[PDB]
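Understanding the architecture of this molecule
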Amino acid sequence: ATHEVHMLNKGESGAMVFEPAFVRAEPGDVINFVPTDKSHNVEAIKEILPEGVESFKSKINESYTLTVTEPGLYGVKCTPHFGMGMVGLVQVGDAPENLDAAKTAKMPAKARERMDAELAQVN
Ligand SMILES: [Cu+2]
């Protein structure tokens, strides 16, 4: 299955956001990060990444494709807008092995606010 996440300056959900900010996926799924606005990218939050998964960091203003096969939680940030809370979360499979790391990972205050809102969607 494919998924689409827009990178926005000012969405309904706030300034500097991934929309949707939470994605439920299954192994083999493709997630496309789309620059609806300029100034954004996507980068893994190394504290919120499943076992095996290579770090990644996309170029500003471009699309990025993330293929997910390892189960668990994948935390993503926009590199220049992490401080402003531009973070997202992908859950692959059901109960995630790295749930607690996501709950406790150090990040800027607005990022932690948004990450907590995302963690509440964990199915
Ligand atoms: Cu951004």
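Structure first, text after, so check above.
Before going into details, it helps to say that this report is about the structure given with it.

1. With respect to the coordination of the copper ion
For the copper ion, the full set of protein donor atoms is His-40 (ND1), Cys-78 (SG), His-81 (ND1) and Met-86 (SD), and the range of their distances to it is 2.1 to 2.6 Å. Between the four donor atoms coordinating the copper ion, the angles at the centre fall across 89 to 135°, so the site counts as tetrahedral. Sequence spacing of the donor residues for the copper ion, all on one chain, is H-x37-C-x2-H-x4-M. Of the two residues, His-40 is situated in the loop between β4 (30-34) and β5 (43-44) and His-81 in the loop between β7 (72-77) and β8 (87-92); the sequence distance between them amounts to 41 residues. One exposure class covers both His-40 and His-81, and it is buried.

2. Brief notes about the pattern of salt bridges
Throughout the structure, instances matching the rule amount to three salt bridges. The closest approach of N and O atoms between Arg-24 and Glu-26, which form a salt bridge, is 2.8 Å. Note on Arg-24: relative accessible area 27%, which makes it partly exposed. For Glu-26, a relative accessible area of 39% corresponds to the partly exposed category. Salt-bridge contacts for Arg-24 lead to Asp-94; the nearest nitrogen and oxygen are separated by 2.9 Å. Separated by 70 residues along the polypeptide, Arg-24 in strand β3 (residues 22-25) and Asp-94 in the loop between β8 and α1 (99-104) bring together distant segments of the chain. Look at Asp-94 and you get exposed, because its relative accessible area is 54%.

3. A few points about helix α2 (residues 109-119)
Among the residues making up α2, those that are buried are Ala-111, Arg-112, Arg-114, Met-115, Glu-118 and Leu-119. The buried residues of α2 occupy one face: seen down the axis, they fall within an arc of 165°. Of the residues in α2, the exposed ones pointing more than 90 degrees away from the buried face are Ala-109 and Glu-113. For α2, the secondary structure elements touched by its buried residues are β2 (14-19), β3, β7, β8 and α1.

4. Side note on the sheet that holds β7
The strands that make up a sheet are held in pairs by hydrogen bonds between backbone atoms, and each pair lies either parallel or antiparallel. Here we have four strands laid out as an open sheet, ordered β3-β8-β7-β5, and mixed in their pairing. Edge strands, defined here as strands with exactly one partner in the open sheet, are β3 and β5. When β7 meets β8, the two strands line up antiparallel, connected through six bridges. Paired with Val-76 across the two strands is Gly-88, which belongs to β8. Together, β3, β7 and β8 form the strand contacts of α2, whose direction differs from that of β8 by roughly 25°.

5. Concerning the nonpolar core
Judged by nonpolar contacts, the single largest core of 21 residues is most densely connected at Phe-18, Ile-31, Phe-33, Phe-56, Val-68, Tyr-74 and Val-90. Secondary-structure elements contributing two or more residues to this core are β1 (2-11), β2, β3, β4, β7 and β8. Excluding residues that lie within four positions of it along the chain, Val-90 makes contacts with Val-23, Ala-25, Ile-31, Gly-72, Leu-73 and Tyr-74.

Reading the values: rules and limits
- Residues numbered from 1 in each chain as written, not as in the entry; some residues may be left out.
- Heavy atoms only, no water.
- Residues with missing side-chain atoms left out of burial classes, pairs and counts.
- Donors = N, O, S within 2.8 Å, 3.2 Å for Na, K, Ca; no water.
- Tetrahedral: all angles 85-135°; square planar, octahedral: opposite > 155°, others 65-115°.
- Helix = DSSP H or I, 4+ residues; strand = E, 2+ residues; numbered from the N terminus.
- Buried < 20%, exposed > 50% of the residue type's maximum accessible area, 1.4 Å probe, protein only.
- Salt bridge = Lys/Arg side-chain N within 4 Å of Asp/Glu carboxyl O.
- Arc of directions from axis to C-beta.
- Contact = heavy atoms within 4.5 Å.
- Pairing = 2+ DSSP bridges.
- Axes fitted to C-alpha atoms, helices over the stretch in contact; angles between N-to-C directions.
- Core = buried A, V, L, I, M, F, W, Y, C linked by side-chain atoms within 4.5 Å.

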